[PDB]
Each structure stands twice: as structure tokens, then as C-alpha cells.
Amino acid sequence: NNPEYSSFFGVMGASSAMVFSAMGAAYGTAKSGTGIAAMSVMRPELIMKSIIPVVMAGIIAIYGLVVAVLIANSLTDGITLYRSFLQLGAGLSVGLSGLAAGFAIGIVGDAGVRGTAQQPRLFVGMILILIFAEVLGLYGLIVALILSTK
Amino acid sequence: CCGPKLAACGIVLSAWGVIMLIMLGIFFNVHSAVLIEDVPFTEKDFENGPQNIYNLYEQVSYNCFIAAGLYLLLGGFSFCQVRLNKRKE
Amino acid sequence: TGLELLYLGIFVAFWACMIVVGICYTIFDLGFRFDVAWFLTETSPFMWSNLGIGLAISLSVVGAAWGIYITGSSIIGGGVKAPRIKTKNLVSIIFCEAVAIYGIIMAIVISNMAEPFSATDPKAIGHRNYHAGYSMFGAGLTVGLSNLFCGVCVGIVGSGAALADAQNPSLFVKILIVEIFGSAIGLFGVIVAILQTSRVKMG
Amino acid sequence: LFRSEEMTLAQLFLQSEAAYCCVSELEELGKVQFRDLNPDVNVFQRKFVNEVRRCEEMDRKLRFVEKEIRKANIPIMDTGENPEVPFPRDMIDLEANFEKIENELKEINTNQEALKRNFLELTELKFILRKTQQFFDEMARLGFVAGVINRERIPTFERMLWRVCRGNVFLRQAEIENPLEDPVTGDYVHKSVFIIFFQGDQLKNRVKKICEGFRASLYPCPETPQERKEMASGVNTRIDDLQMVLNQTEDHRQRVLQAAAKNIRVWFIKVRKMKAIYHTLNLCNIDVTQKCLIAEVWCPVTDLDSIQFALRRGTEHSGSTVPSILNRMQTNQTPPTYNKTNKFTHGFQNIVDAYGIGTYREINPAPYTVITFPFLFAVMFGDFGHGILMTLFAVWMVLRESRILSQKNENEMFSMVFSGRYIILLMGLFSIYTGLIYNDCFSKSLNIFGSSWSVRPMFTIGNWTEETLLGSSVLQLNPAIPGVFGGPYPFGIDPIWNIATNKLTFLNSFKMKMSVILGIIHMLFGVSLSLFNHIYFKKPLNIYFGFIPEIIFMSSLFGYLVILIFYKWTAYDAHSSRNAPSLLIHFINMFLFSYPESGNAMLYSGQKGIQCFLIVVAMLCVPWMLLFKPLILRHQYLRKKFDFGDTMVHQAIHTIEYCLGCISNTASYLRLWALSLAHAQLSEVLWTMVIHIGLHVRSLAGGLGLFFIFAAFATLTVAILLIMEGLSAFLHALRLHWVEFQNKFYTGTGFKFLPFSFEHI
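Protein chains in written order, with this note's numbering: chain D, 24 to 173; chain A, 4 to 92; chain F, 5 to 207; chain U, 283 to 1043.
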């Protein structure tokens, strides 16, 4: 007994998993780019030094993309409506996790970019705080993967 | 320009490529059961027997060896360019 | 403020439509049509379970993100003059991150009680299943919301304490108690999340 | 080797004139901190304030000369015999005289710069004249006013000139083709020449007052076309001749500066040594009984003889009465750490040095951990190939470290990588080993010496046969049953688990259980180190009352979980799941940290009693006995003839912090495993998305472009896996170090080392 409209939930799970992570990465990239542009007016040599928040946003987008690709490759015509809700839940979870991670990445990256423009010794400490942001997004990914089976 | 960074990147990428595609070719020649999903498959070969599978395994292996061949070629070209740049000074 | 105006307008319009449709339904002696039981029954419990899991992890992670950024901006601002605070204050940051952890393990436990159904009708097939799905959705919502809110509280307190450390470095130990109180409040949330889904059978 | 290195303090007797020589010799030796003895100085009581002022003036002169040289782009190559000799007092006058001659040359250069500014004003006049040559075409009582004005003031001028009108404004003008750098300001300022034909005398006065308020430099260009050409040619000739003269003079100045760069570098070392000597003398104390000086010195026990050797230099040439005596008292004298004495392995210490251990010989940091530290299990991503790549990079970089340090640095990140090269290489080795045990080489497993499992015994005996095409039509991804099977891989994980689809569940359970066991043993070792740490520092009350409860509670709450995990692993088999087919684990999590009642399921005899006993001994007893502490002595103290409040409140906060932190750090130890799972999935998806596409049929078309696809693979593996995820794990494990691993045995901070190393080259 296969109910109709079953693939709808999985389809929007994949769509949300991609889209929300994309939006979080875009916000992080925009905020960190504004910070870099503000800082570069006085310390030109420190441009490539702290471009890493952009690659962090790229990493969050990569997490979104891999979760979406896995969910889409797991999609079939006859979804038993038990798998579809699992896919939707994992997609929504990872999408909002990526959104929050991008939010923190952008804000802290801008702050740390300004600080390392002002105080050169502050970069490495900022690193720790910034790295924690990615971890949060990472959690979404793992909580999706376990949700891909059970 | 044939900068030192570009030449070094080309050389290291070429070495990376040659070693990896040689090991791919060897693993395809033994026909390990791990890269079976990677190996292309057609439904008409399911009932034919393992002989067709080994034939296409050999074909993709030979593809890998020729790939490593032009990898060695462009690595040698990069080595020649960097050696000429070094000997120019 | 245009976004706030749009949100308020949608809110008030939807609530006015809801109250007017409710009064119309009760006036027209059409109460049986407005069936909450049919909605809670014909709806698949799988959606409730999976939405509960997703919210349980997602609210936790976004509250942790709120806390970590609201404290990291404070740290980086207050650490320009005193670089020594760039790492020593980190003891108040991991809390927020550990708060997010209180979700994922939780998100496992509820997910540990998910089974397929192979059934469609609601008559005598799914009563215990209905209870299990609703209970686990409630537990997931509880842990997610409590964890998010404790994360934002802990981040706020950590930013305050970090700015306090910028002048006298000897008050951090005396001030560490507030954030561990917040983390303990999150622990209460996780505990009741455990207890809610402790005895539930799914199948 | 041992992390004690007792420091101890000493007194340094001196003399009147022998003090300078002895202090310079010790600074050359550089093994003493020289803790200050006179706090109430505030420079006003610095004794040698005039010497410090002379040093400051010399430093300002050197800084100005260096700034001028850098503006001249002249190298400061001063390699060779850099620490020549500490500067004697007499030669300081001659060095200052040479610096004064250099300053006179600089003043002549400044006068030349002023003349150059005048010549640049003449050049601007010449450009406005060049514009006037073309304005005759525009000519064909319009007040002809031409002016030089900054390009930034052009817009507001427009809104500040047309509105007043009173005769209208006809502004026809162009701009200078290049952003003419103004020598008065020195920046590439953007200028323009604005020309207006407004009106006669009244608007002439209006325009003149507008220019006066707006700084615009108006030039009353004449109407006759001849004199402009001759004065423009004359000012151009003057400009070029004077520019040549100034260029020659500054070229002579820079030619002298070629050697003067090394000269002022040596002068910088000399003046820095003199400044350090006088700072130490200010920190030192002067007695009134003699001309001697007494200085408090923080020196190592091993180097004491060398310290005496410095006195041997003192007793030889400058005086004979400058000894040093070990001052063995107990009041204050908080010794510096100075234990960070080691070779390349010192890099490890730097990662530990983010906290500044201090607290004398209690320090027990990197050397105990090194490998078992959360910085060599800082991989959890070993993909065989990734480990070999990291090792290859680090080994090539270590082979080239000679020329790398000899050559100039590239960037601060490269400096950090250079400081970490040793740890990078050894972490690469451990990543190789972790990839081997994980048996995931680029997310593709390795089959070595068998693989276990099979299919024919599972199907023929299990009646699941005749699924050749039926299994490809009816039982898609269905068959997963163990029949007559078993037997683990002799080394790692079977490749069949990799090529399966239940890989996620089995790997998840295995990684979580490995997580629990590794974290529990690690935190147990961390807490156990504190017992030795405290027995070294006497204190039997804390040992027998403060840390025994910690170990008892930690064991009773976590070693039970570890033993349960091992028992579940060992006391079952494939055909032993309770009724249901698999149940996965079904007992790992339902045995929570409280397990109130009921439970059912697995209730092996005695487990209820053991659980209850562990709860009562741990939750009810350990926090209660962790109380009291010094009041127990206070009673005896109260029977003999301490602030109770602060002591008990601090003890209470520490106890609640530790009891909550046991659970918190047990949960937080789960972090690196998320990185492990994410890295595995990232590698697998990257493979299945790029390489799986790149290897297909039609060999010619399937391999002609294989070069580009494989180069993309290499770039992606380097970028997101090797560096990005590598850095993520790198810092994750350091956090696991600094939150729970090392925050168990060592606590506190202390002053680091500070000798006279002549860090200024």
C-alpha cells in the first residue's frame, strides 16, 4: 500500500537542505566580505591572511550540497511515506543548522577580521571561536546521516 | 609566465596523478570487488557471465594506463620547462 | 520596520480570519465539520516524529549559534587591548557549543524509537503508535526549545562576563557561576526530554 | 627531561663602575630575569633617567633615519658580527656625533624637499599655463579665473557656486591626466584645474573670497600669449635642473646609507643593550653603606656556575668584589616557569603554552602526553592517502627547513606551519595508522589477507538462491542475513562493510562505542595524573579528601558504562538477538545515567544491585564528602588557643563544576567523531560525484578528459579535505586538550621565562 504524494515531503526536504545552507553561506560570505573590505583600507598585506571565513561559508554550503545529493540519490518512486518524512526531517534539520552556522560564521568572521586588522596578535584566538561555528553546522550533517537509515 | 610556483604545482600534481592512476590500473587488472560500483555496467551482461565483466574491466584499466601515460607526458613537459628556467640563470 | 509591519499584518489578518471562521462555524450549528479529532487522527504520526527530531536538533543548534556569535563578537571587541582574553575566556564559550551537543545525543535517543507501520487505517491500529509519535514529538520540541533558550542565555551571560574581564581579570572565577546555572537549566530540559520518551513503544 | 627545573632566587652584589661591565656580561650570557626590587620609582626615581633619555633620543633618531631609508628603498642587510660588544659609555658620545652628522644630512634633505615643493608649485603653474595655451581657442566682462583645486572639492564647489549666481557661472575646464602627487603632503592626491568666466570686479571679489574660504589656488593668467611660454619654459628648466641636483644629493645620501644601514643596525643593538642595562639598574637597588648594588636574580640551578663565571669576568677586569649568593627564602618569590627547555619538540609546548602553566614544578604538560595527547590522535580522518599526503608534505618541508629558515619568510601562516612541522609530520604518521586500522583509503577499502563473509553459503544453505536476475528484479538491495559466518578482519574493518549499504549504521555504532571507551580512558588518565601532581606538593588532606572522591565518582559512573559496552560486545553473537532479527545494540542507551526503575530487556542477575550500589556510592556520598576541608583543621586550630566563608564557597563551586563537567566533557568528547563521520562521507561523495563520473565506457572519451577531472579531484582533496577539514580536526583536538584533557591535572598560571636573549637580532 503506497500512498500518493509520498515523494513530496522528501523533495522539499532535499530542497530545504540545499536552500537554507546556501542562504547561510551567502550571508556569511557577504558579512565577511564587508569586513574584509573595511579592513583592507589600512592593512593591504593582510588580505589573503583572513579570507578563511569565505571558505568556511563554502564548507557549510558543501555540507548542504552533500546532504541534498545523498537525499536525492535515495529518492525512489514508491516511497513508503516512512522514508520520506525521515528525509524531510533530516533536510530541514541540516538546512537550519547550516543557516545558523553561516550566521555565526559571518558575524564572528567580520569581528575577527576587524580585530586582526587592528591587533595582529588576535587572529589565532579568533580561529578557535570561528571554528566552533562550523561545528554547529557540522552537527546538522551528522544528525542527517543517522536519520538517513533509522 | 612559467613561475616557480606553477612549475612546482604541475610537477607535484603530475607525480600524484601517475602514482594514483598506476595503482588504479593495477587494482582494475586484479579486478578487486570494491570498485565494482565505479565500473560501468550494462544489464545485458548480467547473464552473459564474468567474462564480459573482466573484458570491460580490462578496457577501463587500459583507459587508466593511457590516462597515466599523458599524465607522465605533461609531467615531463613541466619538468623540462622548470629545468630550462633554472638553467637560464 | 517594513518587515515587522508585514509580519504583524499577516498575524492579525490570520487571527481575525480564524476567529471569524470559528464564530461562523459555531453560529451555523456546523460544529461537527470543525473536527480536530479527524485532523489529529488521519495525519501520519511519522510527520510528527520526524518534525520533532528535526526541531529537537535544529533549535538546539541555532540557539548555540546565537550564543557563540553573541559572545564571540563581544570577545573580539574586548580583546583588542588585552590579547590575553582571546583564549582564557573560552571556558565560557564551549558551554554554548556543548549545549548544541545536548541536542544531537538527544536527537539520537528519540530517533532510536522509530519503526515503520505498514498500516493505513486508524481504527485500533496505532493507538500506542499515536501516543508514541505524539510523545516523541513533544519531547523533541521540549529539548529543542529549552536548549536554544539556555544557549542564548549562556551566550548573553558569557559576553557580559567577558567584558567584565577586560578591566579586572580576577572576577572571572567569582562570576563563572551564572553560566553554569544556565547550563544546568539546559540539563533540566534534557532530563525531562529523556523522561518524556522514556517509556514509549513504537510499532 | 623532568618538568620541575627548580628556579630559586639569588642576590647579586655589584660595585660602582664594575656593575656596568658585570651587567653587560650577564646580558651577553642572558639567563636571569632580574625581578624588580624598587616599585616606587615611576621613572622619577630611576637614577639613570638621563641615560634613558639619551637612549630614547637615539632611538627616535634611528627610527627617523630608518623611515627615510625605507622611503628611499635601501636594504638594511647587516649580517655578520651583529652582537659586537655592549656599548661603553665613552663611545656613546662618538656614536651620537655620527648620528648627529646623519641628522644634519637629513635636515639638508628636508630643505631640499621644501625646494622640491616650491618646484612642484611651479610645475602646477606650468600645467595651468598649458591649459591657457588651449583656452585661446575658447576665447575666439567675463572674468577669466583659472585655479588649482583638489578633485574632492569639485562636487561641493558646484553646489556652492551656481546657487549664489549673481552673474551666472560658466565653468569650462579639464583635469590633470595623472593624480599629481603633492610633495607637501606626499600622497598621490587627485587634483584638477577649474576655469571660470563669471564676470568683472564684483564677481571677481566674490570668486576671490570663495577661493579664500575654499583654499582654491587661483592664478591670474595674463591675456598676452607670449610671456606664458617663456616663463613656463624657464620654470621647467629650473624644475629639471633642481630635480637633478636633489636626486644627486639624495643618491649620495643613499650611497652612504648603504653602509649606514648596517651601521645603524649595530647602533640599534648597542642602544637596546644599553637601554636594557639601565632598565635593570633601575630595577636594581643601590645601598648607602658602599658603592655596591644588590639585584634580585632569577637564575636556574644548573646555570649558577656560569653565573659565577660572569663574576669571574667581574673579578678580573672591572673590580674584584662582585659575588652572587643564593637567596633561599620562602616569602613571595613566585618562580618563573623556565621549564620550557627542549629541542624541536618545543613546538608541542607552544600549543600547551596557550595557557601559561606556571605554578613552579607542578607543571605536567606536553612531555607526559605528546603522543597520547589530543594532538596526535588529532586525526580521526585517516584515509591512508590523506595521511601519506600529509607525511609527504611535512617530510619535504623538513628536508628543506635549512633553506626555508635561511630564506625570508613568506607569510605568518607559513611561519605557524614552520613552527609546527614536527607535529604535522608525526600527526601524518598517526593519520596513516588510523587510516590503516579504519581500512578506508580515499573512502575505498583495502582487501589484504582475506575479507571474511561470503554469498554462496548464505544463499545455497539459506534458501535465498535463484536470485541471479530475480535478485535484480524482486529483491533489490534486500539480502542481508548471516548464516554460517563470522570472524573479524585480522587487522581492521572488512571491505565488505564499505561496499555495503548498512555501512552507516554499523560504522555509527562502532564509532560511538570507540568514542566512549577512548574518552573515558583519556579522562581517567588525566585525573590520575593529578594524584602524582598533588603528592609531589605534599598536601595529604586534599589527596585523601578531594581527589579520591573525584576518581571514585568518575569510575563508578563511567567505567561501568565502559564495562557494559565491552560485555555487550563480547557476550553475544549473530544468532542471539532477542526475538527481533537484529535490534542493533538496544542496550547502549536505555541504561541511562539514572535508570529509575522497570527497564526490563537485559536484566542479568546482579546488575540491578550493582547499579543501585554505584548510584548510592557516587551520587549520594561523593558530593557530601567533598565538603568540609579546612574547617576540619580549624576545629583543631580552634582547640590550639582561616576565612571559612570564602573557602567553603570556592570549594562548593569547584565541586559542582567538576561533577557537572564530568558529564559535560563525556558528552563533549563526542565531537571528533562527528568530524570522522563527516570526513568519511565527504570523501565518499566526492569520489562518487567526480571519479565515478570520470571512469566509464568508451575508453577514448572516458580518458581523454580524465586529466582535467582528476586534477579537479586533486584540488578538491587538497582544499576541503586536507586543509579545511584537516584544520578543523587540528583545532578540535586542541580544544579537547584544553577543556577536559589538560583541565584535570594542572591548573593555574605563572610568569613565563624572560632572560636577556638580545631578541633584537
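For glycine and all other residues, C-beta sits at the position ideal for the given N, C-alpha and C.
- [ ] Kindly indicate the opening and closing residues of the alpha helix (DSSP H) around residue 270 of chain F.
- [x] Lying outside 5 to 207, the shown extent of chain F, residue 270 of chain F is not represented and no answer is given.
Open item on the list: Here's the rule I'm using: 16 or more other beta-carbon atoms within 10 Å means buried, otherwise exposed. How should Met672 of chain U be labelled?
Closed with: buried
TODO: Could you tell me which residues DSSP puts in a beta bridge with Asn432 of chain U?
DONE: For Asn432 of chain U, which the question treats as bridged, DSSP gives the partners U:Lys473.
Task: DSSP beta-bridge partners of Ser606 of chain U - done: DSSP, once it has assigned bridges, lists U:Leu294 as partnering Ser606 of chain U.
Open item on the list: Would you say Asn729 of chain U lies against chain A (beta-carbon separation less than 8 Å)?
Closed with: yes
Open item on the list: Helix, strand or coil for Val63 of chain A? Go by DSSP, reduced to three states.
Closed with: helix
TODO: Ignoring anything shorter than 3 residues or poking outside the region 534-600 of chain U, list the beta strand (DSSP E) runs there in chain order.
DONE: Runs of the beta strand (DSSP E) inside the region 534-600 of chain U: 575-580.
Task: C-beta neighbour in chain U for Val89 of chain D, strict 8 Å - done: yes
Open item on the list: Can you give me the C-alpha to C-alpha distance between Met695 of chain U and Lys72 of chain D, rounded to a whole angstrom?
Closed with: 7 Å
Task: Separation of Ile61 of chain F from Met110 of chain F, as counted between CA atoms - done: 8 Å
TODO: Specify whether the region 98-109 of chain F and the region 188-197 of chain F touch according to this definition: at least 3 beta carbon pairs, one from each stretch, less than 8 Å apart.
DONE: yes
TODO: Between the Cα of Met679 of chain U and those of U:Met698, U:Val661, U:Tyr650 and U:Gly667, spot the shortest distance and give me the residue it belongs to.
DONE: U:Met698
- [ ] Anything in chain F within Cβ reach of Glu939 of chain U, meaning under 7 Å, just list it in chain order.
- [x] Going along chain F in sequence order, the residues near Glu939 of chain U (Cβ under 7 Å) are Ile184.
TODO: List the residues of chain B that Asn133 of chain F touches, going by C-beta distances under 7 Å, in chain order.
DONE: Absent from the structure is chain B; the protein chains it does hold are D, A, F and U.
Task: Where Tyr501 of chain U sits in the DSSP three-state scheme - done: strand
TODO: Kindly say whether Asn871 of chain U, judged by its beta-carbon, lies nearer than 8 Å to any beta-carbon of chain F.
DONE: Interface with chain F (8 Å Cβ-Cβ cutoff): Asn871 of chain U is included.
Task: Beta-carbon neighbours of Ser171 of chain D, restricted to chain U and to distances below 8 Å - done: Here the neighbours are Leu786.
Task: Option in U:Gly1030, U:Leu909 and U:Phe1038 with minimal Cα separation from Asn646 of chain U - done: Of the listed residues, the one whose Cα sits closest to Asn646 of chain U is U:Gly1030.
- [ ] Output the distance between the C-alpha atoms of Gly312 of chain U and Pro1037 of chain U, rounded to the nearest integer angstrom.
- [x] 5 Å
- [ ] Using the Cα positions of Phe675 of chain U and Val331 of chain U, report the straight-line distance between them to the nearest angstrom.
- [x] 53 Å
Task: Against chain U: residues of the region 187-206 of chain F by CB proximity under 9 Å - done: If the cut-off is 9 Å between Cβ atoms, the region 187-206 of chain F has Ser187, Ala188, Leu191, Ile195, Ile198, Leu199, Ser202 and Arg203 near chain U.
TODO: Sort U:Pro739, U:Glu420, U:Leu964 and U:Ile478 by Cα distance to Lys726 of chain U and report the nearest one.
DONE: U:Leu964
Task: Exposure of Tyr162 of chain D, with buried meaning 16 or more beta-carbon neighbours within 10 Å - done: buried
Open item on the list: Rounded to whole angstroms, what is the Cα-Cα separation between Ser733 of chain U and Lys785 of chain U?
Closed with: So the two alpha carbons sit approximately 15 Å from each other.
- [ ] List the residues of chain D whose Cβ lies closer than 7 Å to the Cβ of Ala111 of chain F, in chain order.
- [x] Simply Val166.
Task: Nearest candidate by alpha-carbon position, reference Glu440 of chain U, set U:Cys493, U:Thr747, U:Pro465 and U:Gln394 - done: For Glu440 of chain U, the closest alpha carbon among the candidates U:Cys493, U:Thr747, U:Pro465 and U:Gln394 is that of U:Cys493.
TODO: Evaluate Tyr642 of chain U with the Cβ neighbour count: other Cβ atoms within 10 Å of its Cβ, from every protein chain shown; 16 or more gives buried, anything less gives exposed.
DONE: A residue is called buried when at least 16 other Cβ atoms come within 10 angstroms of its Cβ; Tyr642 of chain U meets this threshold and is buried.
TODO: Verify whether the separation of the beta carbon atoms of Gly640 of chain U and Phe1035 of chain U is less than 8 Å.
DONE: Remark: C-beta atoms of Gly640 of chain U and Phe1035 of chain U do not approach each other more closely than 8 Å.
Open item on the list: I'd like the span of the alpha helix (DSSP H) that includes residue 248 of chain U, first residue to last.
Closed with: In the structure as shown, chain U begins at 283 and stops at 1043. Residue 248 of chain U is therefore absent and cannot be evaluated.
- [ ] In angstroms with no decimal places, state the Cα-to-Cα distance between residue 256 of chain U and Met836 of chain U.
- [x] Coverage of chain U is limited to positions 283 through 1043, which leaves residue 256 of chain U absent and any answer about it impossible.
TODO: Answer with yes or no whether the minimum CB distance from residue 94 of chain A to chain U is below 8 Å.
DONE: This structure cannot settle anything about residue 94 of chain A, because the visible part of chain A is limited to 4 through 92.
TODO: Measuring only between beta-carbons, confirm whether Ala128 of chain F sits less than 8 Å from chain D.
DONE: no
Open item on the list: Closer than 8 Å is the cut-off here; do at least three beta carbon pairs connect the region 948-956 of chain U with the region 706-715 of chain U?
Closed with: Under the 8 Å Cβ criterion, the region 948-956 of chain U does not count as touching the region 706-715 of chain U, having fewer than three qualifying pairs.
Open item on the list: Helix, strand or coil, according to DSSP, for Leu874 of chain U in the structure here?
Closed with: coil
TODO: Examine the Cβ distances between the region 445-453 of chain U and the region 384-393 of chain U and report whether three or more of them are shorter than 8 Å.
DONE: no
Task: Any C-beta of chain A under 8 Å from that of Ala996 of chain U - done: With 8 Å as the cut-off, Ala996 of chain U counts as an interface residue toward chain A.
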